[PDB]
Every structure is written in C-alpha cells, then in structure tokens.
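Novice: let me give you the complex in parts, starting here:
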Amino acid sequence: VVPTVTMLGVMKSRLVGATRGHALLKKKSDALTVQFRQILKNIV
Amino acid sequence: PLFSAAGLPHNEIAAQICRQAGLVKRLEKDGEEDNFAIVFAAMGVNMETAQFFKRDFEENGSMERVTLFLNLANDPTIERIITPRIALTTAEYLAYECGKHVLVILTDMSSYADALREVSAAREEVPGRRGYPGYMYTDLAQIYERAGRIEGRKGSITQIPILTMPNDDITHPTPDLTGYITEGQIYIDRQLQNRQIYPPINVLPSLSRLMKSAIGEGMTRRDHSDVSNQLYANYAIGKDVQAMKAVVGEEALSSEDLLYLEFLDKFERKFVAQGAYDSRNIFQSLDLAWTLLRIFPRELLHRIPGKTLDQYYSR
Amino acid sequence: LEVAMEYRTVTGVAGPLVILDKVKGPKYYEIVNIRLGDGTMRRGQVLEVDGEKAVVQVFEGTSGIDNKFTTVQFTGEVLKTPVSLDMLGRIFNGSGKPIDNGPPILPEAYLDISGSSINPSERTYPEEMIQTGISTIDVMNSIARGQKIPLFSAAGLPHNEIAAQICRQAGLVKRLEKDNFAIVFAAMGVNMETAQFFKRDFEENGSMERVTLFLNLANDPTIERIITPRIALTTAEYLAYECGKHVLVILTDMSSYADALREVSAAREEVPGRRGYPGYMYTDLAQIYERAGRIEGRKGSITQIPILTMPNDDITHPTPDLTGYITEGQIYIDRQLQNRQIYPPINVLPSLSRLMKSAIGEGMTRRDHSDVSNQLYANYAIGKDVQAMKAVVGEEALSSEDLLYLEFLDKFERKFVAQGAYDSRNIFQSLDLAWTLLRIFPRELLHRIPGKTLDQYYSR
Amino acid sequence: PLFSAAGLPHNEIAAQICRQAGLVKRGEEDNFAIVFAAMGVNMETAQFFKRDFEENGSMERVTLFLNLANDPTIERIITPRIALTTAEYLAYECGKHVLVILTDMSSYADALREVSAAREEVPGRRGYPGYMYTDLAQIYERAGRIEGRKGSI
Amino acid sequence: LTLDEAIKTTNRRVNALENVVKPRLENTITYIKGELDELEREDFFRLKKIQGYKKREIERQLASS
C-alpha cells in the first residue's frame, strides 16, 4: 500500500481492531469449548 | 484529468475519447464548427505512444482537423515546460478568436512536473513536497485554468489532461494539486486491469463537479441523476458486502448480500466493459444501467424517486 | 544610573526581525522598545548578537517600520517580571500588563523569569493529597501535592471546562484531618470565545482571593505566548517558596507553547528538529515542568496539572510522547465518553498516576482509599469485559455475577463519572459514593479488599 | 557471507571453520592461510579468538587483524583494507590460497555511516552513505582466481 | 462444528491477519520516517550550505575590494 501518515493511522486502527476482535473471538471460542465439554460429560 | 498509473491503457482510452467525442443535445448532434478540432500535446512520450496517436488520428479521418505538438522523451527536457503552454495558446486562438469548439489532450503531466523539478533544482530554490518546487500549484493552475466557454464568443475549450501517478497513489504532490484545481477526476485502477476489463475506469473514485449541469431533462433522461446516484450507492455498499463476505464466508451472507454481489459482478462485467471501437448511446447506456438496477426490488431502490420509478421500473 | 542609548541604526527588516547596525555592547536576551516614525510604540526582544549587530524580534509584528525613521531604544534588562503578594485575584495579559481594570503591580521584588533550578539534594518526596472535586481524579487517579501530572486532551474535547472546574473546586483534603492554597492559572493561545469563558469564570468564581489568571489569546503575538507560562511559573515559584504557600498551576494547551517555540526557533534560521519540532523542545518542557516539587527548607510546594493537546487523537505525537517521560502520570480525555454524553469524559481505566500511592494513606485522606481504588479499577475492567462478551454471547448465558458487573458498569458510568459541572464533591463523600457502588457485590466477592475494611464499611 | 543476528553463535562457527579449515585433499606450503579481520569486536570475543587460534596450533598459518570497539571508529574502516591487501600479497604474489574472514561486517557498516555523517554526505537508505555499494564492492569484490597465478582468495 | 469454525477463524486472525498487518505498519513507518524525514533534513542542510557559500563569497568579494 502507498505509505502516508493517514495510511499509517489507518493501519494502526486496523491492527487495534483486529486485536480486539481476536480477543472477542477467543472468549467466544472458550465459552463454546466449555459448553462442548459440559455436553460431552453429560453424554458420557 | 484521467488519473492513471504506469502500464494502464490511458493512451488508448484517450484515443477512444478523441475518436468518439460528440454532442448529445436531443441526439441531434456538417458541424465543422461543431467539429472539436482536437489539439494534442504530448510531453515525454515513448516513441511508440507518439506513433500510436499519429496512426490513430490518421486512420480516423481527422488528419485534416487534429494538431499535434510533440515533446518526445529523447527530445530536450526543457521544451516539455513550454509545449503545453504553446498548445493552450493555439487552442485559445482556434476557439475564442475563430469560433471552433476545441478539445485538448495533455499527456503525462507528471512529465511536466519532472521538468518543473529539474528547473527548480538547477536554481537552488527552496523545495516543497517531495522536493517539488513550492510554486507547482501556481504553474498547474496557470496550465489548467485556460479552458472554459466565454460569454462573448461562440467558441469553447475542453481539455482532458491525462496524468500518471508515480507509485500509483494520490498523495503525490502533482496528482494532488491537479485534483485540487481540476473540476474532475477519472480513476483507472490496477485492480480492474488485473481482471482484464479494457476500460479499467474505477467508477467509485471518479468525480465530476459540473456533472449536475450537463445532465437534465432538457438534454438527458429525467432519471439520469437518480440512476447514477443509485448505481454508485449499490456498488459501494456491495463492495463493502464483498469485503465482509471475504472473512465471514459466502455462507454467512444474506439475500440482500447475494443481490449486491450479483450486482457487482454484472456491473463490473456487462456495464463497465465496452468495445475498443464500439460506442454506446447515452439512452442505450441508461437502458443498460436500468437493467443493472432492476435486479433489486423497488423497496431497496431508496435513492431513485417513485415518480421516476413508475416510468422506468418496468419499461 | 545609566540611561540606555537609543540607537537609530535600523539596517534591515524581514518578517518579525529587525537587524540593528552598530549597537555598542548589547546583551543576548536584552529587551528593547521601538518608537516608530508614526510615534507608536512596540516592545521587542533581542536575539543572537554579533559584532555591533543585534537581531531584534519585535512583538505585535513589524508593519510600518522604516529604515530611516524608527528608533530602537535599548534597556539592558532580561525581562524581570514584577512580583508581589498582591498579584493574586487579578487577571493579567500575556506579557503581564493587568487587564482587570486595575493598577499595575507594585512589586516587592523583580524576579528574573526562567529562574534557577532547585538543587536535587534539597528536594523532598511529595506528600498529602490535593482535593480537586472530581471523583474520577481523587479516587482512582489520586493527586499529591508536588506531582507533575499532565491532562492529555485533543481538539474538540472539553479540556477548558475541566480546567475551569479544577480552578474553582480545588482545595486541601486536610479539612477533616484536624487557607494557604493559591492557583496560578496560565492559559496559552486560547480561542477568542473561551477568553470570555475564562473571564466569566474568574469574575464570578467566589474564591477570587486564590487565583491569578495569566491570559494569552491566540491573536496575541507569539513571543507573548512563549513568555506567558514562564511568567506564571515565576509568580507561582515566588508565592510558593518565597511566601510559604501551597500553589497549584494549570498550564493550558502547552502544545500551543511548543508551536510557539517552533515559530521562534525557525525565525533564527535554525534547522528544524525531529518531526518539525525543535530538538531543544525536550529541554524547554523540562525547564517548564521541573520548576515544581517540594523543597525541604520551605513549607510551600508547587503542583502542576499541565493540559496538553495531543494532535490526531494519538500519543505518538512528539509533544505528548516527549512529555510522557518527564512527568509521572496521564489523565486522558476520551472522545467516546464525550460522545456518550458523560460530562467528565476522563477514561479512568487507561488513566493512572505513577505515584498515586503517596496520596493514599492513613494520616492524610482515609484508610480505605487504596482498597476502594483497586476494587473499582478491577470491577470496571471486569464490567467492560462482560459487556464485550454479552455483545457476542447473546447475554442469555451470562451468570449472575456477569449481570452484577454489567449493572455496576452502568451505574459507574452514569452516576459516578458523570459529575455535574458544579457538583463539588469532597473526597469523603466521593468515597462514600464509591462504597455505595461497591456494596452491591457480596462481601466475600470483593476479593481485592483486605480484611478489617469490609467489616468496617460494607455494613453501610 | 554468514547471515546471523546478534547473540547467535556465529563467532563460534567462524572459529571452528578457521581452526578446521583445509583443502578437499581428494600441499601444506600452499595450504589455506587464513587472514582473520576483526572489525569492532568485544574484548571478551578478542581474548576468545586469540586463545582459540593459539589452541588449534594453526598459528603458523593464520594472521589476526584485531580492531576492538575501543579503537577509533575511522581506524576500523582501514582494517579490512589492510587485511585484504595482506591477503592479496600472500595469495597472488606468494601462491598460497587465502581464506579471508571478516567478523561483524555490520560494525564496518556502522563505521561507514559514522564517517559519512561526520562529513555530511548524501544519505542512502537508513541514513547510510549513498556510496556504500561501492565501498562494499571494494571490500568484497576481491575474491577470485587470477589466470596467470596459482593463488586463490 | 461451531467450535471448529470459531477456532479456525481465531487461528487465522492470530496467524495471518495480525502478522500481515504489523509488517505493513513497520514498512509504512520506515518509508515515512526513514526516507521523508531524512530527505527533509538533507534538503534543508543543502540549502543552509548554499546560504553559507553565498555569504562566504560575498565576504571574500568585499575583502578583495
């Protein structure tokens, strides 16, 4: 991409948003894994 | 000004415009004065491009009309800072003092910014952005503001100065100043060329300040503004939808998302693409645009007013 | 006993500078008065001198100056600001000339600005808290007499409203522990409209016997904007260490001060420094800040809360990133909180004080200060995390504790942070509000609270 | 060259190569003589190099051009020049093949940058001098075999 | 199935997207500061050199008179 101060700001914002989304998705995956473990224990 | 990057067919589309430009009023328009008497000024052009333009003008039967001022790359650099001025003076004399509509194609304005840079550096002056002279804006204004109809005379001057971004950007000082001064911006995108569409004109970055004046019920279909403003919105929103689906998967898309993606596909393929020798009548173009629009239901057509919808949503 | 010669040898004018020809024995930072041909008067400062030459930077611009009718009458001085104990309770211009429709200051001393530095052997660790009335400051980001805590803001954010609230409500916490508190208020390069705001606030405050509003507008000459914070710091230093009085200083928009220094440096043909700002800007800001601190031999102190504008709403800008090292804290104003219509938009969780532990204690303030601060911090974080989770988990699967944290977050945002513009709050009732919010959780749930404190206060 | 970031054992690898250096043998007089340039090395590394070279017993055929970080920054630029000139004399003008070694070429780059910044020359990428390519050529572009002589660098 | 999809998305974001963006940010920082800032000082330094040369030439010409 073309380098510019505005481009640097946009890239930094995109990185921050990606980090936040990754944290949210990790939390969701952990909750789903906990539920799956509970379901597996119930089935057993 | 047609904004382009190295390798894109800006010269080809310029030649197509030169061959196809004509009046539109009620589709009625000898017209020797109506003949655009094109004045072509090439600065820093590879000899192949000059030969191409020469042959195209000769073949199109306009050799008795067009005029060429050439400053090839091997030709001395300084003459590139005089050639466009000569061309504009000749256009002014041919239009204002002779009553001929005149069209001008300045080629590679970056090859003029380079001459400005060389002259400024050779004088040890204070540099500006990227080392360009601080007064590049004044020179570009002087070279662009010499076009426009004049009240006292029947002539006119309409120029299409094509431009080459250095690294395919816009923040570069020359395209930036040109955008500041000029009343328009046609964008040719590398993405479209990579997808092999002959006119790679990206319709979303595009802009014409005087668009609202040229169109109208007196010379165009009454729905022209609505049609344009809707296609633009759907294309922009559909592009956002495609960007979202690139990460959420094609399955996560909704029915409206699928409609937008189909609209994008048919817009980029059937609509934007056109023959290298085939024109399109403005009414035919509006018919094609309406065919593209009618993919969506009447509810989704928020920009188009119901009055124009009733006369056009069915056809 | 020496009458300074009035040279009339102007031999060059360019921009704000005028170059004298044959001045005999100048001084580097001398101050000079100019009588133009029309008779009008301008005051200018002397920049770099050379052989019989002296480049003068002229206030109020240089229009109308001619090389055959303009006299440049020297003084032989270095801008000794007039200082006195009666300087309090009056509004002053950028250069010190009173604009409160009052008389000029009758001075008890002529202190040279840019005073000499404190001996680091003679400094002493800051102690005791300084009540500001804003709950977000005095609870989670406590302030101690002697700190140098920036208030990072951005264009559009209501920095000046917080400045006015601090100027009015500031007081000493030690009221219940058992009036020597003065607020030198400096404003550099304010807008034309906020000048009326400052004049109104300092003309109806109700405690005028405390504040001294050094005011420097935007359209005032730049060199006035450089000198204004230095004048304010000199007056504060006098009232603190030469009069034994606790002093608070609020410097408004020191980014404008940095821009002013940039403007002055360029006029001297100096090469610009990193990112445009001069390299000596670090030294200049250190010189402005380090004048604070507590002196062992004196009972007074200086506490700075400089308000800095961070351009582009990021900290990577040279001025905030540079002032981060010198100071020991950061109280950010968050744009989203302003959008959320919380009047003090202080982002408490990002904000911190590097030495907030000194303010918290037993003798000063209250015993439970640190406990409630940590509990509020942790609970806010948890509430933010729970809200983020509820944005994606549908909120049906949230446990009871998740709902408790959600409601606590809502209450903290809408009842604690959102203090009114005039709702002065003592630290004791602020902590009472904190306990009101805290007591929602079970006594066993507040893990971060030590024993013998829950039993004391959780019973309400 | 050897590309190896800081802290990696590249110094140990260089020492092992120099001590174990030899022809394919598929002769001792023309055997590998090693010119060991050392641009900007630490004192501990210098003592390590000296002890390791003295231990392998190949001191009889190895030359050390040591230049510590304490030495002047400009004097580091001429160390590779001297090492390569001695290598040229040993190989082309005497016959024996030379295995030239220069450690911490980044130190030489830093020395070039410091010298160029001192004289305020036109800067290339990352503030390095605009002629760094030519200088690195004049250092590197000497290895090879000359037709009329049996040496090799 | 849902956990597999979520884990795939999370792993892709952690490995591909963030590690794609961060080099881009570093390259953008290097292009601006490493080149534009360096050029600006060099341009101004050459200008100051030109001014110094002009002053020296003027002084020498005056002295020669």
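Specialist: Thanks, I have it. Numbering: from 1, shown residues only, chains lettered A, B, ... in the order given.

Novice: count of neighbours near residue C:48?
Specialist: Neighbourhood size, residue C:48 [other Cβ atoms under 10 Å in any protein chain shown]: 11. From N, CA and C alone the C-beta is placed, and that goes for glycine too.

Novice: same question, residue C:24
Specialist: Applying other Cβ under 10 Å, we find 8 residues neighbouring residue C:24.

Novice: surely it and residue C:52 touch.
Specialist: Yes: Residue C:24 is within contact range of residue C:52, at 7.1 Å (criterion: Cβ atoms under 8 Å).

Novice: list the contacts of residue C:47.
Specialist: Residue C:47 is in contact with C:17, C:54-57, C:267-268, counting by Cβ atoms under 8 Å, 6 or more residues apart in numbering or on different chains.

Novice: the residue nearest in space to the middle of chain A: which element?
Specialist: Geometric centre of chain A, nearest residue: residue A:22, 1.6 Å, by Cα atoms, centre = their mean. Secondary structure assignment for residue A:22, by DSSP states H and E: helix A:5-43.

Novice: quick one: is that helix near chain E?
Specialist: Yes: residues of helix A:5-43 are located near chain E by Cβ under 8 Å from any Cβ of the partner chain, namely A:5, A:7-8, A:11-12, A:14-15, A:18-19, A:21-22, A:25-26, A:28-29, A:32-33, A:36.

Novice: reformat the contacts of residue C:47 as JSON lines; add neighbour count.
Specialist: Shown next, in JSON lines, are the contacts of residue C:47 (neighbours: other Cβ atoms under 10 Å in any protein chain shown):
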{"residue": "C:17", "neighbour count": "17"}
{"residue": "C:54", "neighbour count": "25"}
{"residue": "C:55", "neighbour count": "21"}
{"residue": "C:56", "neighbour count": "26"}
{"residue": "C:57", "neighbour count": "20"}
{"residue": "C:267", "neighbour count": "17"}
{"residue": "C:268", "neighbour count": "12"}
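
Novice: which of the residues you listed sit farthest apart?
Specialist: Greatest spacing in the contacts of residue C:47, by Cβ to Cβ: C:54 and C:267 (14.5 Å).

Novice: tally of neighbours for the nearest residue to residue E:44 once chain neighbours are set aside?
Specialist: Counting by Cβ to Cβ, 6 or more residues apart in numbering or on different chains, residue C:271 is the residue found nearest to residue E:44 once chain neighbours are left out, at 5.6 Å. Residue C:271 is flanked by 14 other residues according to other Cβ under 10 Å.

Novice: what do you get for residue B:171?
Specialist: Quick note: residue B:171 (other Cβ under 10 Å) scores 16 neighbours.

Novice: ditto for residue C:315
Specialist: Neighbours of residue C:315 (other Cβ under 10 Å): 13.

Novice: contacts for the lengthiest helix in chain B, please.
Specialist: Longest helix of chain B, by residue count under DSSP state H: helix B:224-248. Helix B:224-248 has contacts (Cβ under 8 Å, 6+ apart) with B:203-204, B:211-212, B:215-216, B:221, B:252-253, B:256-257, B:260-261, B:263-264, B:267, B:286, B:289-290, B:292-293, B:296, B:301-305, B:308.

Novice: here's chain F, drop it on:
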Amino acid sequence: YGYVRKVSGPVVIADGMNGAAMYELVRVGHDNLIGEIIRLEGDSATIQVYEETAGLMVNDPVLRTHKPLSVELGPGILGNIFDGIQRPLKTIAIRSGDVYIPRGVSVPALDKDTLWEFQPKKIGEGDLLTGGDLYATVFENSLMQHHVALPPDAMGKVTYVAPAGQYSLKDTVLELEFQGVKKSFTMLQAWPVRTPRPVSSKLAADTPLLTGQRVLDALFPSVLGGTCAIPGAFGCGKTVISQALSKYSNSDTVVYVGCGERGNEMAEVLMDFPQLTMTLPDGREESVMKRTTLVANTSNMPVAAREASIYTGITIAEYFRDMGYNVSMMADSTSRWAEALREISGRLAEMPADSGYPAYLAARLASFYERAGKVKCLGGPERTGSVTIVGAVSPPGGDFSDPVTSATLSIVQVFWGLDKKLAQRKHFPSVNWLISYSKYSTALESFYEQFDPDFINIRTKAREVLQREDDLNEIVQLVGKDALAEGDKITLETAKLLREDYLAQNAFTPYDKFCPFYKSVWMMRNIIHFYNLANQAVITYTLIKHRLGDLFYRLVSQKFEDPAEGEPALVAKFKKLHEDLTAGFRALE
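Specialist: One more piece, chain F, placed on the ones above:
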C-alpha cells in the same frame, strides 16, 4: 583574556583564543558560565555553554582552563552528592544557604580545607616510585579505608615523603624528581572523563556478583566486572535491585549515576539511600553512604551535564578500582542519556540516523560499556579490582526495537529482564525467567564447579524444567491437566513449586531479605534432587500427590527459613527436609 563576539542561544563565538584546544572547557563571562569548545575556526573559537546564556554581554571576558571536561578525584569523593559536571550539591546548598542552584557557582568539587588522617607506606625518602604505586592510604571514614595512588603519567625517584599526621588536600603530601626537575603532588588527581583510566591488563572475570537475590544469583548469574541490563520502567524493581546491590552486593563501593529522570524520582531515591543501612559480617552496623557515591542530574540540569554524568560516574568507578576495590556503577536511565545525546546532536545539526538518534550513538554506548571488567592494577603492590556496570534500559512501551535497546542488548552480556506482568501478579523479584539470560555462565562455570560440581548440573536441570514449564502451560491450556501423565504432572508440580518457592523472593520479609548463595544452592539441590527422585518412580500422580502433600508444605517452609540461624543451620534444615523427602520418595516406591 578572550572576549565573546556572537551569542546565538547556547552557541557562543569568542575571539582571541588562538591557543585554545578542541574540547577544552572554558569559563565564559563574569557569571563564570561553563561551556565546552567545539570548533576552533580561524583565530576564533566556538563554545556551547551548558547553563542558560541569557544576559551575556559582547566583549565580556572569556577565561580558559587548559583542561578538558575532568573530575577532581581523591579523598572525600565518597558519600557526597554531585551534579553531572562534578558540582557538589550538598556543599553548594550549605554555602549559598538557599535552595536554587546559582547560575555560575564556583564551589570546588571537594572541600580543600577539610582535614583527613594521612599516613604513608614504608617507602623511603630516596626510593624509586612510578605511576600507580600505592604510597599511602587514608582513613576517609571508618571501615572505608582509602588508598592514595600516585597518579599515572607521573614517575621518578622519591624525594620527599610526608610523615603520618593530619593534613588537607592543599598540602603538598608528596614531591619527587624524575629528571633534575622535581614535581610535587598533592592528594587531588584530575582526570578527563572521556579518556579511560590506564590499565595493566584486562583480566578474565572469575567471580559472580552475589546480589543477595536468589533469582539473579543462581538462575541468571552475573560476574564481577561484567555488564548488565535492566528494562526498568515500572514496578520499582530498579529501585529494589539498586538497594540490593548497595546493601548486600560483594562490591566494596557503589556509584549510582542518575541522568535526566524525573526530579521527584531522584529526590525519592536520594532520600532513600541515607535511610538504607547495612550490617557488617562482623556484626557492626554501618551506613551505605559511607561506601556510596551519587551522581544525580535531573531533567532541569543542562543537557550537556546530563550527557557527561555517565562518563563522570564511570571515571569515578575506574578511580575507585585503581586501588583494587570492587566497585559497581548503576546507570539509572540510559534512555534519558540517549535522549540528551539526541538533543545535543540536534543542536549541532548532525545528520540524523535511524529513528533520529545520531549515527555514533551505538559506538559511544559501546565505548562506555567496554570500560567494565576485572582489571589488573597499574603499579605496585600487586592487586586487582573490578568495575561492573548494571546500567538499565527504558524501551518505549516495552518494544525492544529502539536503537538504544538494540545496541544495549548487542553489547551487554547479561540481561535480567524485569517483567511488568509478574509485578501485576505480585512477584517481588519480578524477573522474567523466560527472557533473562546470563552469557557469562560459561566463564563462571569454573567457580560454579569449584564451589559445587553438581550445582551446574542442577542449574541445567532447572533451565530444562523452566523450558518445559511453558510446554506444560499450553498443554493445560489446550486439553487441561487431565491429559498430563504422572511424570508430566510431577514435572509441572515441581516447576510450580520452584516458581512459587525459590525462583520468587519475599524481599520485605526478614527471613528472605537476603538470600546467601549457600542457602540458594541447598534449596536448588533439595528441589531438583526431589524432582528427579519423584520422576524416575513413574506410580499414580494422584497417589504420589497425596504421599508428598506434607512435603509440598514443607518445601514452602524450607524457603521460609531465616538466615539469622546462620548458613549451616539453614543448610542443615534444608538438607534434613531434602533427606526426609528423598526417604519418602524411595521407601514408598
């Protein structure tokens, strides 16, 4: 003689100085402003003056000094407080009475009128002496005896020796003649900060820096005369490690050097040192100031003094090492020093390099750091000292990519790596075992094996356990502790016990304030040997956990042992618990 001609801010041009030398300090103006010469163009000079130049007058006198930036060494150097440019802050404050530092103070670095007890060696009045010879020693105070070394670059046959008695620095304690000309030497030695101190031979470091903290002593040891690096920005770990070095480190002296940090932070630290007190191994109680020297230059101080503070401190440390003492320097903030250097470079308009720092930043940092090391003394009698630098770093936001951080990591042998995450998790040592390293372990292995041949193997096993700790961490993260085998569970439990019992210290507690190397070695043995003895038995992990449950509590108790009982009693208690743990491990198998 010499008058100013052009005063453009800090830069000053003075005419009539044809004999001036580059980098020679000079006194400018009546106010005696101090500045260094930069360019000697023409018969004129060029001076950058450190303090503010406002108010200078054209044709004000300029007085040469015929010496570069130098420090006056000798008796009285210990204990006091000095600025960046070697200005005694305490005596300046006493003399001027007020608090502010006067603009143009002229107080000498050490009081030349105070009396110190002097006594020569057994040298004769007509003997031969050379540079670096120890001809006398002085009791500057109790338990910090100060040797008086004849200055280098001075030699000749003895002519006069001052008999023992009470004397001051102004007295001519020594006079000698090399040639027919004779020179008389006082007790004061001046030495430029930039020029290092002459050495006889750079020895190989062969003795660890016992800091009193187990994590630094055993996991990542540092050797006397070795560089060290600390990423200190928060958590007070830098203050903690500095206090540990001052109180318990083997060094006979400490020279703190603070440059360009927060003024109140330096106030806090300079008020903390006098409060710090250390007990003697002989049972005496002393004050750390009696062996501590402090060079603190806050942000308000001139930038040139901030840059020169580091060199002043390292020269002081070298002078201390000249009599064979082991001394440790502590650069408070190298990042602040680099920022000061950047500001100076911007003043000089030097061509910017990577991230804006001047191109010589790495070279100058390396030159400074290269002065550390165990060195044989100059001149007789034979003795050997050491200078070790524990200079910290303050990376921006913790990103170890700034040129200062990169150069420091490239030069420094041992990096200890304080982590804010551990501080958040309430870790007193705060040393991140995952990033710290000790490149000097290979050289220290000789002493490590001489003390205990099994100690190095124990350290290797502990490193392997730490490496497997993160492996077990993601193992528990992805599937949980259930999938861990009995041996894997034992390894994880032992790693957790090591982290929470020995790898962590308690500092504030009297029993764990100081950790002797003996106690550290016995704790490491009692941990690693028990770990193995439990490991080869793989027995059900749960069954082993129940049998060793009392032992796990006992291991925490073994750490809780005080050093008051003496090293053998604590060692025997650690051994007895280890023997009982071993007996349980083998008999129950």
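
Novice: same question on the neighbour count of residue C:315, but with chain F included?
Specialist: There are 14 residues near residue C:315, going by other Cβ under 10 Å.

Novice: re earlier: and what about the residue nearest to the residue nearest to the centre of chain A when sequence neighbours are not counted, helix, strand or coil?
Specialist: Using Cβ to Cβ, 6+ apart and skipping residues adjacent in sequence, the residue nearest residue A:22 is residue E:13, 4.6 Å away. Classification of residue E:13 using DSSP: H, G, I helix; E, B strand; the rest coil returns helix.

Novice: residue E:13 touches residue A:18, doesn't it?
Specialist: Yes: using Cβ under 8 Å, residue E:13 is in contact with residue A:18, at 6.4 Å.

Novice: ends of stretch C:106-126, how far apart?
Specialist: Counting by Cα to Cα, to the nearest Å, you get 33 Å between the two ends of stretch C:106-126.

Novice: chain center to it, what's the gap?
Specialist: Its chain's C-alpha centre lies 18 Å from the corresponding centre of stretch C:106-126 when counted by Cα atoms, centre = their mean, to the nearest Å.

Novice: mind listing what's buried in it?
Specialist: For stretch C:106-126, burial by neighbour count (16 or more other Cβ atoms under 10 Å in any protein chain shown) applies to C:111-126.

Novice: picking up where we left off before, how many residues are close by the residue nearest to residue A:22?
Specialist: 19.

Novice: could you check how far it is from residue C:388?
Specialist: 16 Å (Cβ to Cβ, to the nearest Å).

Novice: ok, now residue B:302?
Specialist: Counting by Cβ to Cβ, the gap from residue B:302 to residue C:388 is 33 Å.

Novice: so which of the buried residues of stretch C:106-126 is the closest to residue C:186?
Specialist: So of the buried residues of stretch C:106-126, ranked by how close each gets to residue C:186 (Cβ to Cβ), first place is residue C:113, at 12.6 Å.

Novice: wait, the closest one touches residue C:230, no?
Specialist: Yes: because the distance of 4.5 Å satisfies Cβ under 8 Å, residue C:113 is recorded as touching residue C:230.

Novice: re the thing from before, could you list which of the buried residues of stretch C:106-126 belong to strands?
Specialist: Using DSSP state E, C:111-112, C:123-124 are the members of the buried residues of stretch C:106-126 that sit in strands.

Novice: dump those residues to CSV, plus distance to residue F:572.
Specialist: As requested, those are exported to CSV (distance: Cβ to Cβ, whole Å):
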residue, distance to residue F:572
C:111, 69
C:112, 70
C:123, 49
C:124, 47
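
Novice: circling back: contact partners for the residue nearest to residue A:22?
Specialist: A:18, A:21-22, A:25.

Novice: next: residue C:314.
Specialist: Residues counted as contacts of residue C:314 (Cβ under 8 Å, 6+ apart) are A:9, A:12.

Novice: got it, and the one 4 residues further on?
Specialist: Counting by Cβ under 8 Å, 6+ apart, residue C:318 touches C:274-277, C:281.

Novice: put chain G onto that model:
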Amino acid sequence: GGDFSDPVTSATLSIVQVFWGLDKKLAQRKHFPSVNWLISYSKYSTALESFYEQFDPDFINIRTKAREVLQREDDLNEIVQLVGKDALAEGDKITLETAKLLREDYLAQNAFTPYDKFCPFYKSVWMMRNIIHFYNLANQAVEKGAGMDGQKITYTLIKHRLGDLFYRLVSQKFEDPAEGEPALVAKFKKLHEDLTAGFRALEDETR
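Specialist: Time to bring in chain G:
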C-alpha cells in the same frame, strides 16, 4: 483525503470552534450533506443552552439520546463486523433500527427538492423528538417482556404488526415546509399520538 495531521488542518482545529468534518466515505455512499457525526464537534453547545431551553425545554435530552444511539451503533458496528447480528439482543436490534432510521431520514437531505431544500428548526426538532420517542417506547416495550417472550419477539412484533408507524416515521422527512408551521406541527403531533398508541396497543394483548 488527508488526515488531521495536515498543518493547516491542525492550525484550524486549534482555533475553530465548530468543525463540520465531512467524510469522503459518506460522499462515496452518495450521502449528500456528508457530515461525519462521529468526528464533528461544536464547542458552542453550552452557550446555546438558553435558546434551546426557551424554544423547547426537552430538546437537549433528545439530542443527547440521539448522540448516544449513534455512538452505540458505531461502537457495535465493529462487533457485528466480526460475529454478526445473530447475537444481537432486543436492545441492540432496536438501537440499530433507530440508528438506521435516523441516518437515512434525519441526517440525509436532498436539498434539490422542497422536502429538503430548507428544513426549519421546528420541523427538525419534531423529527428528532418523534424518533427518540419511538426508540424509548420500543426499548421500554422490549424490556417489559410480556407474553413470556417480549424482547426480540416484541421487536419483530412492532416491526411487522406496527410497521405503518415506522414507515410514517421514515417518510416524515417529506413534510412540505410550504404547508406552514401550524400544519406540520399538527401533523407531527398526530404522528406522535399514533406512536404513543403503539407500544401500548402492542402491550394490550401482552405481545
């Protein structure tokens, strides 16, 4: 096309009191007034307190509620960009519906037609009050939870069985100013009364 780091932009924002920051993204989407409501600001909001109070003593609260709605929508746009509207609850869904209605009805204006050529203050404040009242009533209804479902079920109930009010709200922009204030005010008061009839009639049968 250039960020606020531009020296001219920074200098202006250091002095200018009101920033009508137009965003190019809105211009692409052909939103013609194009003011970005996240980055714009007006430091005059405090001095205008008297005029707002005398014109309509409840405009400040509805304006703050509209600002909060816009900010909340812009905040959870990122979350939707990751997960999607599947996890959106009743409050989030109604907030986004109101935000979309505000964006396309209130914040847009054609200015080439008598509908949006010139909007007087009374018409604008009436649109704002209508939209905010609808949002508040819908939130209260979905919070009631009557009929054992409430929530998003009640949201669908009001978007389907009560959508005529929604259409009239989104078409309220077309109230011709030429009809005069006494007519448009009556029309908007009637629409407000009809909206109050909803979310009460919808609560009559407990959803």
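
Novice: revisit the neighbour count of residue C:271 given that chain G is now included?
Specialist: Residue C:271 has 18 neighbours, counted by other Cβ under 10 Å.

Novice: for it, what is the enclosing helix or strand?
Specialist: Using DSSP H and E, residue C:271 sits within no helix or strand.

Novice: still on that earlier bit, and the residue nearest to the centre of chain A, how far from chain B?
Specialist: Per Cβ to the nearest Cβ, to the nearest Å, residue A:22 is found 12 Å from chain B.

Novice: quick check, that residue in contact with residue E:16.
Specialist: No: counting by Cβ under 8 Å, residue A:22 does not reach residue E:16; the two are 11.2 Å apart.

Novice: which residue packs closest to residue 31, ignoring adjacent ones?
Specialist: Let's take chain A. Using Cβ to Cβ, 6+ apart, the closest residue to residue A:31 is residue C:393 (6.0 Å).

Novice: my bad, chain F
Specialist: Excluding the flanking residues, the one nearest residue F:31 by Cβ to Cβ, 6+ apart is residue F:104, at 3.8 Å.

Novice: give me the element that neighbour is part of.
Specialist: With DSSP H and E as criterion, residue F:104 is part of no helix or strand.

Novice: so what's it up against?
Specialist: Listed by Cβ under 8 Å, 6+ apart, the contact partners of residue F:104 are F:29, F:31-33, F:51.

Novice: chain G against chain E: which residues are in contact?
Specialist: Checking chain G against chain E by Cβ under 8 Å from any Cβ, there are no hits.

Novice: show me where chain G has helices.
Specialist: Under DSSP H, chain G gives helices at G:7-13, G:24-28, G:49-55, G:59-82, G:90-101, G:121-144, G:151-160, G:163-171, G:181-197.

Novice: residue in chain B nearest to chain A?
Specialist: residue B:169 (3.9 Å; Cβ to the nearest Cβ).

Novice: now do the contacts for that residue.
Specialist: Taking Cβ under 8 Å, 6+ apart, one finds A:2, A:4, B:175 in contact with residue B:169.

Novice: just the buried ones among those, please.
Specialist: Buried among the contacts of residue B:169 by 16+ other Cβ under 10 Å: A:4, B:175.

Novice: going by distance to chain F, which of the contacts of residue B:169 wins?
Specialist: Closest approach between the contacts of residue B:169 and chain F, by Cβ to the nearest Cβ: residue A:4, at 19.2 Å.

Novice: from what I see, the closest one and residue G:1 are in contact.
Specialist: No: proximity of residue A:4 to residue G:1 does not meet the contact threshold set by Cβ under 8 Å, at 9.8 Å.

Novice: mind listing the shared neighbours of those two?
Specialist: Contact with both residue A:4 and residue G:1 is made by residues residue B:171, according to Cβ under 8 Å, 6+ apart.

Novice: and the contacts of residue B:169 as JSON lines, adding distance to residue F:306?
Specialist: Shown next, in JSON lines, are the contacts of residue B:169 (distance: Cβ to Cβ, whole Å):
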{"residue": "A:2", "distance to residue F:306": "40"}
{"residue": "A:4", "distance to residue F:306": "36"}
{"residue": "B:175", "distance to residue F:306": "46"}
